[PDB]
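Working notes, structure below.
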Amino acid sequence: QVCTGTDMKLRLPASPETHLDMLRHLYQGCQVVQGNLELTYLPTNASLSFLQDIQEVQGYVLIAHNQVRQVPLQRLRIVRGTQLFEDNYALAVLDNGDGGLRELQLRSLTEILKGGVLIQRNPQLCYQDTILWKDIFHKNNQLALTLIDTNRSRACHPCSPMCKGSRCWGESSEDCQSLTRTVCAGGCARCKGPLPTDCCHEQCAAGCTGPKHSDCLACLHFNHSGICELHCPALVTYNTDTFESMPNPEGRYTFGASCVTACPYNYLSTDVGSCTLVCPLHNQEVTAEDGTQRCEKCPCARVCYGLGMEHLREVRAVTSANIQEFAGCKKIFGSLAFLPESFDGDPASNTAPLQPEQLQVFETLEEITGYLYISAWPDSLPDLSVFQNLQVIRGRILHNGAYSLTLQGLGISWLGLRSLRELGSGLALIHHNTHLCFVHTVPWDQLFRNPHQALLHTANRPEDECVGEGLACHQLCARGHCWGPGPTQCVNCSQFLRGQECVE
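Residue numbers (the entry's author numbering): 24 to 121, 135 to 334, 337 to 542.
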């Protein structure tokens, strides 16, 4: 399956302790990173058991402020450069340990289409200077600012003697870094290794079992039913006998680097045969009965854009200046978040403080194509009643690249977000909110749309205390499982459907 990666920059940690639960759950079973990736501020001993699962990166990779000794993202293969880190880097590492990372082991991560590498002093991390970044940068990627900081606090074990060119992401032979550019003999765009024999079909992306397009492991172009072409077999082709158009029985959509007859949830099928997360200019959304979402050429509707999009690419949190961009639409094509700075605004610009009464603007927000992140929230609100109708979070863009929903350090006593059973991509994070219950009372078992979610909880109210209060779900509820107190907070109404109403 597919999920986004993280996006921290200078953002508030949501919860080092709960980041652990989050990362395991998000990555588990995820082969593809949507957008970017950034792992920061994790606990020294976090059990990040699923990070290795993901095979692809679309945006930048940051590791910073991270006390974790190991962050095992070993399968990541290519970086498509969809967004750049602080608009310039494909990868970055910063202050990753006061604890701290020893090695990254990103053995498969061989390609950067856009972006440089920004590394600062890493007290525990080594082997970042044993990477042939020159090779990693794509043949046509000249946006390759490279800064390798070898300022460390420890002795470094030599790079395994078993690595070609002693190129590695750690001291073990399991950490050897593959070379896919400087060995592209014959002038091929990308290769698996030295000589034309080991060039990849030009549709491939630094990973193939050979020169044929049926044999690509990763693609620049797209794997239609596993086979790479510049573009997918045209959705509509034509008959050269008359040269008139006709539907192509083999027509497919460029789903990320893959190509399909129908796109898995949250992907947008264009009429040029592509499957994006983001609509190209003048491409309107339509949703198919099979879950394929579309971005077909316009004669265009008005679209409200959230954080991470267009002129809002600069902001990862909502401020007062963003009110008119994020309001008036039932869905936001992008993300929204409530950070201490969202509430503080910008004292330097003499702005007004956020008024809690304006958070009711999301009452009709059925869908977020991005994220909902709250780290700052009025304590006058015991729950998220303003988001109860938020049935869908697509997660094309996630806060901190992970959160479909963040509730950290809040005054809310329950979640109460009755309709959010459709999580296209991402995780909720519950942290430092010792007033919160129902974390383990919602029948999460039946509320997931993909395998990227599981039970998460740190520094929230202990269930033992919620139990001490005599808390339980109302008898109207099947299984007794709910999101808040009372019969309306249950995932269903188990009794009689009589015409217009559910009654006991």
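All C-beta atoms in this analysis are idealised placements derived from N, C-alpha and C, irrespective of residue type, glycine included.
CB-CB length for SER457 against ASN427, believed under 8 Å: Walking along the sequence shown from the start, residue 457 turns up at place 419. Walking along the sequence shown from the start, residue 427 turns up at place 389. Going by Cβ atoms, the distance from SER457 to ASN427 rounds to 6 Å, so yes, they are a contact pair.
Element boundaries [beta strand (DSSP E), containing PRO283]: Here residue 283 is taken as the residue at index 247 of the sequence shown, counted from 1. It spans 280-283 - the beta strand (DSSP E) in which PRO283 sits, taken as one unbroken run.
Environment of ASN187 [buried if 16+ CB atoms lie within 10 Å]: Working through the sequence shown from its first residue, we reach residue 187 at position 151. The residue in question, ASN187, is exposed, as its Cβ has fewer than 16 Cβ neighbours within 10 Å.
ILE468 - containing beta strand (DSSP E), residue span: By one-based count along the sequence shown, residue 468 stands at place 430. Per DSSP, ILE468 belongs to the beta strand (DSSP E) from 465-471.
Alpha-carbon to alpha-carbon, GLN362 and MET347: For the purposes of this step, residue 347 is taken as residue 309 along the sequence shown, with counting starting at 1. For the purposes of this step, residue 362 is taken as residue 324 along the sequence shown, with counting starting at 1. Each residue's alpha carbon lies about 14 Å from the other.
Nearest candidate by alpha-carbon position, reference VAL341, set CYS367, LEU350, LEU71: Taking the sequence shown and counting its residues from 1, the one referred to as residue 341 is at position 303. Closest option to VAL341, Cα to Cα, is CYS367.
Coarse secondary structure for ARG138, derived from DSSP in three states: Translated into the one-based positions of the sequence shown, residue 138 becomes position 102. Reduced to three states, the DSSP call for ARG138 is coil.
Integer Cβ distance of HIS237 from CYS227, believed to fall under 8 Å: As a working note, residue 237 is residue 201 in the sequence shown. As a working note, residue 227 is residue 191 in the sequence shown. No, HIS237 and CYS227 are not in contact; Cβ-Cβ is about 10 Å, not under 8 Å.
Inside the segment 376-433 only - beta strand (DSSP E) runs reaching at least 3 residues: 410-412
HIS519 versus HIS42 - alpha carbon distance: Translated into positions along the sequence shown, residue 519 becomes position 481. Translated into positions along the sequence shown, residue 42 becomes position 19. Rounded to whole angstroms, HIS519 to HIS42 spans 25 Å at the Cα level.
Exposure label - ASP30; buried when at least 16 CB within 10 Å: The sequence position of residue 30 within the sequence shown is 7, counting from 1. Burial call: buried.
Contact set for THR389: own chain, Cβ-Cβ below 7 Å, skip 5 residues either direction: Translated into positions along the sequence shown, residue 389 becomes position 351. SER358, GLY383, listed in sequence order.
Helix, strand or coil at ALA191 according to DSSP, with G and I counted as helix: Within the sequence shown, the letter at position 155 stands for residue 191. The answer is coil: DSSP assigns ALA191 none of H, G, I, E or B.
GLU265: CB within 6 Å of a non-hydrogen atom of the ligand ATP: The ligand ATP is not part of the structure shown, which contains no ligands of any sort.
Touch test, the segment 144-154 against the segment 108-120, Cβ-Cβ under 8 Å, three pairs minimum: yes
Backbone secondary structure at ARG98 - three-state DSSP: Stepping through the sequence shown from its first residue, residue 98 is reached at position 75. Of the three classes helix, strand and coil, the one that applies to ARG98 here is coil, per DSSP.
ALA365 to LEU374 span [Cα, whole Å]: Here residue 365 refers to the residue found at position 327 of the sequence shown. Here residue 374 refers to the residue found at position 336 of the sequence shown. Distance between the alpha carbons of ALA365 and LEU374: 11 Å.
Proximity winner among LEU140, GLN106, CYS475, relative to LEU71 (alpha-carbon distances): Residue numbering aside, residue 71 sits at position 48 when the sequence shown is read from its first letter. When only C-alpha atoms are compared, the closest one is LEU140.
Buried or exposed (CB count within 10 angstroms, at least 16 for buried), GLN78: Sequence index remark: in the sequence shown, residue 78 carries index 55 (1-based). It counts as buried.
The segment 78-87 in contact with the segment 257-273 per 3-pair CB rule at 8 Å: no
Close beta carbons around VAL356, own chain, < 7 Å, minus the five adjacent residues each side: Locating residue 356 in the sequence shown gives position 318, counting from the first residue. For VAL356, where only same-chain residues beyond five positions count, the Cβ hits under 7 Å are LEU345, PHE364, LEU374, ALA375, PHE376, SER380.
Best match in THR472, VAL25, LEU161, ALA510 for proximity to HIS193 [C-alpha to C-alpha]: The sequence position of residue 193 within the sequence shown is 157, counting from 1. Per the Cα distances, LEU161.
Environment of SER209 [buried if 16+ CB atoms lie within 10 Å]: As a working mapping, residue 209 is identified with position 173 in the sequence shown. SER209 should be labelled exposed.
Beta carbon of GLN320 nearer than 7 Å to that of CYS299: Residue numbering aside, residue 320 sits at position 284 when the sequence shown is read from its first letter. Residue numbering aside, residue 299 sits at position 263 when the sequence shown is read from its first letter. No, these two residues do not count as a Cβ contact at 7 Å.
Cβ neighbour criterion (16 or more within 10 Å) applied to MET198: Translated into the one-based positions of the sequence shown, residue 198 becomes position 162. By the neighbour-count rule (16 or more Cβ atoms within 10 Å), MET198 is not buried but exposed.
Pairwise C-alpha distance: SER196 and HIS249: Here residue 249 refers to the residue found at position 213 when the sequence shown is read from its first residue. Here residue 196 refers to the residue found at position 160 when the sequence shown is read from its first residue. When rounded, the distance between both Cα atoms is 33 Å.
DSSP-derived helix/strand/coil call for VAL505: On the sequence shown, residue 505 is found 467 positions in, with the first residue counted as 1. Note: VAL505 maps to helix in three-state DSSP.
Start-to-end residues for the alpha helix (DSSP H) that takes in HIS237: Indexing the sequence shown from 1 puts residue 237 at position 201. Element bounds for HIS237: n/a, residue is neither H nor E.
Given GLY372 as reference, the closest of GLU352, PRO385, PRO391 once Cα atoms are compared: Residue 372 sits at position 334 when you count from the first residue of the sequence shown. When each option's Cα is compared against that of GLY372, the closest is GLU352.
Segment limits, beta strand (DSSP E) that includes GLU265: Along the sequence shown, one-based indexing puts residue 265 at 229. Its beta strand (DSSP E) spans residues 263-265.
Other residues of its chain near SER281: CB distance less than 6 Å, five sequence neighbours each side excluded: For the purposes of this step, residue 281 is identified with residue 245 of the sequence shown, where counting begins at 1. So the qualifying residues of the chain are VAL272, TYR274.
Anticipated Cβ contact below 8 Å, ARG143 with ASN438, distance rounded: Working through the sequence shown from its first residue, we reach residue 143 at position 107. Working through the sequence shown from its first residue, we reach residue 438 at position 400. Not quite, the Cβ-Cβ distance comes to about 26 Å (not below 8 Å), so this is no contact.
Cβ pair count under 8 Å reaching 3, the segment 508-519 against the segment 471-481: yes
Inter-residue spacing [alpha-carbon to alpha-carbon] between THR402 and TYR301: Taking the sequence shown and counting its residues from 1, the one referred to as residue 402 is at position 364. Taking the sequence shown and counting its residues from 1, the one referred to as residue 301 is at position 265. Looking at the two C-alpha atoms, the distance is approximately 22 Å.
Residues that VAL296 bridges to, as DSSP identifies them: Start at 1 with the first residue of the sequence shown, and residue 296 comes out as number 260. DSSP output for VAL296 lists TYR289 as bridge partner(s).
Beta-carbon proximity list for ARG138, same chain, < 6 Å, skipping 5 on both sides: Mapped onto the sequence shown, residue 138 falls at position 102. Only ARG92, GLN160 meet the Cβ criterion.
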